[PDB]
Amino acid sequence: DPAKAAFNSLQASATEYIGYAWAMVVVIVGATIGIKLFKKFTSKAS
Amino acid sequence: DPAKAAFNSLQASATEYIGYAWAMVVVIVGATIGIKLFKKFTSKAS
Amino acid sequence: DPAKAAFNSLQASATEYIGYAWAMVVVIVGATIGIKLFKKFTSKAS
Amino acid sequence: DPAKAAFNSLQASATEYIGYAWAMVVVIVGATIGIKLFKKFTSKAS
Amino acid sequence: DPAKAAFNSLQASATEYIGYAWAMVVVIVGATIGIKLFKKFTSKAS
Amino acid sequence: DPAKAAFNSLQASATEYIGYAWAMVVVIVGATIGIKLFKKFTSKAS
Amino acid sequence: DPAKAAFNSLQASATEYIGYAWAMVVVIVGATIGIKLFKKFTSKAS
Amino acid sequence: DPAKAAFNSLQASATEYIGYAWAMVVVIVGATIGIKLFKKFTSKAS
Amino acid sequence: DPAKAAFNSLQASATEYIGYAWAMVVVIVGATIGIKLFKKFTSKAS
Amino acid sequence: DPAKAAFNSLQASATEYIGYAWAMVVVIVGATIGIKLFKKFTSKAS
Amino acid sequence: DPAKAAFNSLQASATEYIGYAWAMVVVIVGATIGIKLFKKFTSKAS
Amino acid sequence: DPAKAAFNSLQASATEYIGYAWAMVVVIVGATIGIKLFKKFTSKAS
Amino acid sequence: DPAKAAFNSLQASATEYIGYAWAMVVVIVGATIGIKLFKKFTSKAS
Amino acid sequence: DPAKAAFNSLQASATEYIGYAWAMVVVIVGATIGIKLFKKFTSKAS
Amino acid sequence: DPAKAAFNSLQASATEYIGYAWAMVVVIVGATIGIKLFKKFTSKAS
Amino acid sequence: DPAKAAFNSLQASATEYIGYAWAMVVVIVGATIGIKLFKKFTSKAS
Amino acid sequence: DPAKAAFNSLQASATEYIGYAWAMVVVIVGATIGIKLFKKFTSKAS
Amino acid sequence: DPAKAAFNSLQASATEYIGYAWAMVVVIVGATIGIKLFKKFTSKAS
Amino acid sequence: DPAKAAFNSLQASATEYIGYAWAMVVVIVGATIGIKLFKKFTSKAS
Amino acid sequence: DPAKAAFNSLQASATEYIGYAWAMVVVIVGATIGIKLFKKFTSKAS
Amino acid sequence: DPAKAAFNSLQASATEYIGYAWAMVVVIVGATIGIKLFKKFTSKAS
Amino acid sequence: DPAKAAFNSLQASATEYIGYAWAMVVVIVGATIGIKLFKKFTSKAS
Amino acid sequence: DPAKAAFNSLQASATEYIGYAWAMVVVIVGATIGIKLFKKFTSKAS
Amino acid sequence: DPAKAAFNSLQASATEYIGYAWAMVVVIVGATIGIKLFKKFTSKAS
Amino acid sequence: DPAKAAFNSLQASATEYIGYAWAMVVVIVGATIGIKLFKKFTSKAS
Amino acid sequence: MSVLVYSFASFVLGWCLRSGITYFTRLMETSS
Amino acid sequence: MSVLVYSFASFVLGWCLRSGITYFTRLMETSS
Amino acid sequence: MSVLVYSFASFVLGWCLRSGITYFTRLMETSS
Amino acid sequence: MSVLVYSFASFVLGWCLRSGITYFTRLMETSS
Amino acid sequence: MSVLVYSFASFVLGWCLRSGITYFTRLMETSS
Amino acid sequence: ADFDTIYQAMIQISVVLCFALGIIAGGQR
Amino acid sequence: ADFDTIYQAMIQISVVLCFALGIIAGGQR
Amino acid sequence: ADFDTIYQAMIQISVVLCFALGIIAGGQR
Amino acid sequence: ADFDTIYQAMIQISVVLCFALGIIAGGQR
Amino acid sequence: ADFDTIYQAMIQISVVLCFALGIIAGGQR
């Protein structure tokens, strides 16, 4: 079954891409949320 | 009849392809919805 | 009449093919529509 | 005409063949258009 | 005429398909508009 | 009528998807509205 | 002249087919355009 | 001219849809604007 | 001329044969082009 | 020449179709732009 | 030429057949292009 | 007539030959059109 | 019939050729539909 | 030379068709492009 | 060169549409900016 | 040579036959290719 | 060879026909590609 | 070689079309970007 | 039997082509799907 | 019978001719269908 | 043998005829396949 | 061998066409890709 | 067999023609698939 | 390798477009950020 | 086998095209994501 | 004229018998 | 030459009668 | 009738031998 | 050999005359 | 049997000479 | 053998040739 | 029977063969 | 040479013509 | 009538048959 | 003229007809 092997390889590559996307999205979200919280807390403190 | 046997085989081949396709859809959609909700809920809470 | 026999055999062949074809159309169409509707609603709800 | 009988037989045979053709055309065209319209409408109907 | 009978049948088959299609459209559109208005009006009121 | 059965099954599956979409959208909307109201009320109280 | 009879019969057949075809085109086109316009305006109004 | 009648019927149906879209959009816009003005006026008064 | 007499007899026989062929040709072409025009215009209505 | 006459007729048939099409475009675009500006200007003013 | 009469008959028959062909071509092409343009313009006209 | 006797003998021989041809034609056309209908309907199911 | 043996040989040869044809049709159609469905499902599965 | 006459007549026919075709292309293309540009700019300006 | 004339006419029509789009966009932008500035200045004054 | 005389007579007869064929061939091909070029260029104008 | 003259005539006629063909091919292909490229570029050029 | 000459002409015809297309693109894109930046910068400044 | 040899050689040729074709399908499909998934996730994560 | 002897000699000669034809037919069809299957499967891999 | 002498004379005459046919076949196929390859590759460049 | 000459001439014709075709492909593809990339980046930068 | 030499010549000629065909098929298919893949990949590569 | 050169030229043109896009985006971002910071600082100072 | 050699060459040609395509994708995607993140992070920080 | 009449009748008989096969095959082929 | 002239006339007559059918069928077929 | 019977048998033999090639080629061609 | 030579010349003449029509029709058809 | 053998040899020679043209034309046509 | 013998044989050959030409003509689609 | 008998029969056979070959040639599209 | 000679030769020519016409008829697809 | 009569007629029939077969062979595309 | 004359002529006509039928049969694609 050539199709079965091909579908499995495509799904394995898809899972790889998700692993990388989740790593990058954590970094981007962390950065923007950090800036927002920093500005908010400093403003409230002063 | 060679026709009947071939038609049944083409239907079974389509059925197995649909199974593989649905598995891939769930993986891709799960990551897509997960990333979107992650960014949304993080902003809403913090 | 050999001509009647030929027509009857071909009419039977056509009827069998139409039945088998309609069955496969339903299964393949159902999968395509199911995937599309799933992706549409999962994004609206999320 | 010694072969007039042969022409008369061919004439009575031809009108039978035309009836056979129209019957098979209607069933094949009916199934073809039906499957095509089904796929078209289901996609338009989302 | 086999032609006339077949043409009338193909038109009736199209008409019934249009009826089925419109029913599906109403169900899908109703849910889509309903979900959108639900999220919108909830945010506007509360 | 194979088409009639197929259209009915597609509409039944569509109604199933809507049932699930409405359940999920209620949960998501409830969560975001709850956070908004909580923050608003606490700010007004203090 | 057998040739004139053949041409006249085929000209009549063509005229009938054109009339039947135009009728079916109008019904099928109307449904497709109707569904598209409905989905477009219902989203603009909502 | 079958095309002329078909085009006129399509434009008549289009005008019908606009009539309904304008009715619905007036209701939706009225509701959201009403909520906004109510909240604004009450806040200014108190 | 013996050849002249043979040719004159053939001329009379030829008119019988071409009359037979014409009576068959007309009906056959009336059927084949009608099933060709039928299949074409049905698919054009689409 | 039958060719020239037919070509001129097909060009005139296209010209009249363009006239009908432009009328439909104006109606649809007018409603679309009108609804959008209505919702926009109402929000801006009130 | 003993068969010059046959050639003369064929020549007078051929010019008649060419007229028949051009007449049928114009009507079939006219309907085909007309239906195709109608579908194209209605879709472009939304 | 010697020619009459020869033609009568040929008539009997002809029925044997056309009986042979018919028995082969039926089976061959039953196979070719069945593989043509098979390939067509499989691709239509798509 | 001195050539009855030749017809009998052709008849036994024809049934063998029909078996050969059906075998090759099934393998070619199977691969063609399989590749086409694979490409279709992978695109729908994103 | 009858061959030269045939070529010259066909060359003249081709030249006429090319001229008529180019004229219709310009009109139909102009309408399609005009509708598209109108809808694009009217939305940008609004 | 029919293409050269057609391209030039299409570009001339495009330039016409831009002239109209710029006129409308000036009016719309002027209106919204005017309302914003009026509300802002009156609020600052009082 | 008796064969030489027969061949020389045939040469003269052949020029008559090929002259007849050429006069028919020219007109027929002028018509068929013109209806082929007509159908092609109309569809290209589209 | 008594028919060498006929072959020599055919050879001188064939080289003339090849020239006729290439001339007509260039004009038909030129118009076809020109119209197709015109439609493609105008759509890409918006 | 007629082939070489025709190929060079089709390439030159494509080159001139690309020149016309790029001119149209610049006009359309210039207006699009200009209108967008106009609305954006006006809002940012005032 | 020369017929069996012909069928066997063609069956072997078909089997080789199917194997080679499936291999190339997998590589080309993998690239297309890989590019699409990469562009989709990189935008979601960013 | 002199005719019997002639037919018996022809039977032996026929087996030589059909043996020659078969040895050529096999190789030729092995080549043409292989280049047909080649072009088809390469384009299917796409 | 008188038949042997006739066959030997025919062999010499046959080589002349097949030499004539080959000299025409080469040029004709060089032209037709070249106009076929020309039309194909121009359309592929597209 | 006239056959070798025919093959060599056709092989040379094919080689010339492939070279000319590839050149035109590059120019036309470059324009299409250039227009698309220009419109994409000009909107991202603006 | 007096014509065995002719069959032997045809056999040695056929194997040469098959080699010629395969050589030309490979070059034409290679260029066709190459151009098609180039256009496909450049569009996917944006 | 014509494809290799074409791909390299397309990538070189793509890199050129990026160089220009980055230059323009720096100017636009600088302008909007400058206006925002200016208004913010002046408001805080006063 | 010429078939095997050609199939391997077409697969290698596809592989090298995929390499060129991926390089272009990285360049385009890198600029797209870079510009988007640049505008986003600049606004978030300042 | 006897041999001409009977030889011509043989030709027409042959056309009629085979034409029945040709028409049947053609109609059924274009029918599908 | 008599039998040659009349035999050739028979061939031309046969071509003329059948060619009328061939042209009619071909023109009508490509017409649709 | 002897020469007619054997001449007709020769015609049927020729049709049978060649028809085997025609059917094989046609079936295999439409099979692919 | 005289009747063979002249009968063969007649066959070649017939092929040459008709082949001119066939080539012209085929070339013009594929030309369009 | 002499005239049968040599007449049959003439038929096979004719098929062999022309079949070489038919195969060459067909192969080259489907090759492109 | 005899003139009548040749005459009868020639007639039988003629009808069987005309039938074969009839089959070829009828099989032209 | 007689030479004249064979001559007349042969001529009638010739014209009917030439007509059949004419039909086959004319039916070639 | 002799009537029998012509008779036998004519019969052998007839069967070989009928076979050739049979091949042409059978090769019509 | 006479042997020479049959001989001359047969030759004229042969050339006109060979021309007809030539037309059929040449009309095969 | 003589029986031998008719015999030799008939044989030469037969081989040239069989060759023409061979060309027609071989030209059937």
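Each chain is numbered from 1 in the order of its written sequence, a scheme that can depart from the entry numbering, and any residue without coordinates is omitted. Chain letters start at A and ligand numbers start at 1, both assigned in the order the entries are written. To get the side-chain values, take all heavy atoms of the structure and skip hydrogens and water.

- For this entry, the PDB record names cryo-EM as the structure determination method and reports a resolution of 3.5 Å.

## Points about the overall build of chain A
Okay, so step 1: Regarding its fold elements, chain A presents one helix and zero strands.
Okay, so step 2: Taken along its principal axes, the extent of the C-alpha atoms in chain A is 70 × 10 × 5 Å.
Okay, so step 3: Only protein chains enter the accessibility calculation, which uses a 1.4 Å probe. A residue is then buried if its area is under 20% of the maximum for its type, exposed if over 50%, and partly exposed in between. Counting all 46 residues of chain A, 28% fall into the buried class. Under the scheme used here, helices are H or I runs from DSSP no shorter than 4 residues and strands are E runs no shorter than 2 residues, and both carry numbers assigned from the N terminus.

## As for the overall build of chain Z
Okay, so step 1: Regarding its fold elements, chain Z presents one helix and zero strands.
Okay, so step 2: Across its three principal directions, the C-alpha atoms of chain Z cover 45 × 10 × 5 Å.
Okay, so step 3: Among the 32 residues that make up chain Z, the fraction classed as buried is 75%.
Okay, so step 4: Summing over all exposed atoms, chain Z offers an accessible surface of approximately 730 Å²; the carbon and sulfur share of this is 64%. Only the protein chains shown count as cover for residues, and all accessible areas are computed by the Shrake-Rupley method using a 1.4 Å probe.

## Things to note about the packing of helix α1 (residues 2-45) of chain L against helix α1 (residues 2-31) of chain AB
Okay, so step 1: Fitting a line to C-alpha atoms yields each axis, with helices limited to the stretch in contact; the angle taken between N-to-C directions then spans 0 to 180 degrees. Their axes nearest at 12 Å, the elements α1 of chain L and α1 of chain AB cross at an angle of 5 degrees. Taken as axis vectors, α1 of chain L and α1 of chain AB run roughly parallel relative to one another.
Okay, so step 2: Amino acids outside the nonpolar list (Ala, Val, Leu, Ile, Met, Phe, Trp, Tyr, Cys, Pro) and the charged list (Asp, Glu, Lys, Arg) are all regarded as polar, and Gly is one of them. In the contact of α1 of chain L with α1 of chain AB, the residues fall into 17 nonpolar, five polar and two charged. Angular relationships are summarised with four words: roughly parallel below 35 degrees, roughly antiparallel beyond 145, roughly perpendicular across 65 to 115, and oblique for the angles in between.

## Here's the deal with the UniProt feature "transmembrane region" in chain Z
Okay, so step 1: UniProt positions are given in the numbering used here, feature names are shortened, and annotations may be inferred rather than shown by experiment. Per the UniProt annotation, the sites labelled "transmembrane region" are residues 2-24 of chain Z.
Okay, so step 2: Each end of residues 2-24 of chain Z is marked by a C-alpha atom, and these two atoms are 34 Å apart; helix forms 100% of the span and strand 0%.

## Describing the relation of the copies chain A and chain B
Okay, so step 1: Superposing the copies is done by minimising, in the least-squares sense, the deviation of their C-alpha atoms. The operation relating chain A to chain B is a screw motion whose rotation component is 35 degrees, with 16 Å of axial translation and a residual RMSD of 0.3 Å.
Okay, so step 2: In what follows, a contact means two residues having at least one pair of non-hydrogen atoms within 4.5 Å. Comparing interface residues between copies, only 6% of those in chain A also sit at the interface in chain B, which points to a heterologous contact through distinct surfaces.

## Section: the interface of chain A and chain B
Okay, so step 1: Residue-level contacts link 18 residues of chain A with 16 residues of chain B.
Okay, so step 2: Buried area adds together the accessible area that both of two parts lose upon being put together, with accessible area traced by a 1.4 Å probe. For the pairing of chain A and chain B, the buried interface totals around 1500 Å² over both sides, and the portion due to carbon and sulfur atoms is 79%.
Okay, so step 3: Three residues stand out in chain A for area buried against chain B, namely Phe7, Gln11 and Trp22 of chain A, and they jointly supply 34% of the buried area on that side.
Okay, so step 4: Here, a salt bridge means any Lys or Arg side-chain nitrogen found within 4 Å of an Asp or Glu carboxyl oxygen. At the surface where chain A touches chain B, the tally comes to zero salt bridges.
Okay, so step 5: Polar contact is the term for a pair of N or O atoms within 3.5 Å; when the atoms are in protein, one must be able to donate a hydrogen and the other to accept it, and sequence-neighboring residues count only if both atoms are side-chain atoms. Taken together, the links from chain A to chain B amount to three residue pairs in polar contact.
Okay, so step 6: Considered class by class, the residues forming the side of chain A that touches chain B number 12 nonpolar, two polar and four charged.

## Examining the arrangement of the chains
Okay, so step 1: Contact between chain A and chain D is absent, and the minimum C-alpha spacing across the pair is 25 Å.
Okay, so step 2: Spatially, chain D and chain J are disjoint, and the shortest separation between their C-alpha atoms is 20 Å.

## Comments concerning helix α1 (residues 2-31) of chain AD
Residue and element names in this part refer to chain AD.
Okay, so step 1: Here, expected helix span is obtained from the residue count minus one, scaled by 1.5 Å. Taking 1.5 Å of rise per residue, the 30 residues of α1 would be expected to cover 44 Å, and the 43 Å separating its terminal C-alpha atoms lies within 8% of that figure.
Okay, so step 2: Note on bend: the value at a residue is the angle between axes fitted to the seven residues ending there and to the seven starting there. If you look at α1, its biggest bend is around 25 degrees, right at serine 19.
Okay, so step 3: Burial within α1 is extensive, with 24 of its 30 residues counted as buried.

## Considerations on the pattern of salt bridges
Okay, so step 1: Under the counting rule described, the total for this entry stands at five salt bridges over all chains.
Okay, so step 2: Note that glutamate 29 of chain AD is salt-bridged to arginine 29 of chain AI, the shortest N-O span being 3.0 Å. One end of the pair, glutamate 29 of chain AD, is in helix α1; the other, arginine 29 of chain AI, is in the segment after α1 (3-26), on a second chain.
Okay, so step 3: Exposure remark for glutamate 29 of chain AD: the relative accessible area of 35% places this residue in the partly exposed category.

## Digging into the packing of aromatic side chains
Each aromatic ring pair is summarised here by two numbers: the centre-to-centre distance and the angle between the ring planes.
Okay, so step 1: Centre distance within 6.5 Å is the pairing criterion for rings of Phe, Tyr and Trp, where only the six-membered ring of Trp is used; planes under 30 degrees apart are then read as stacked, over 60 as edge-to-face, and the remainder as tilted. What the rule picks out here adds up to 120 aromatic pairs over all chains.
Okay, so step 2: Aromatic pair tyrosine 17 of chain G and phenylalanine 38 of chain I: ring centres 6.2 Å apart, planes at 65 degrees, arrangement edge-to-face. In this pair, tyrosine 17 of chain G is assigned in helix α1 (residues 2-45) and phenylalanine 38 of chain I in helix α1 (residues 2-45), connecting two distinct chains. As far as the burial class goes, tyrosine 17 of chain G and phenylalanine 38 of chain I line up, both buried.
Okay, so step 3: An aromatic cluster of at least three residues, connected via ring pairs, comprises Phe7 of chain A, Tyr17 and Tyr20 of chain B, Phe38 of chain M together with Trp22 of chain S.

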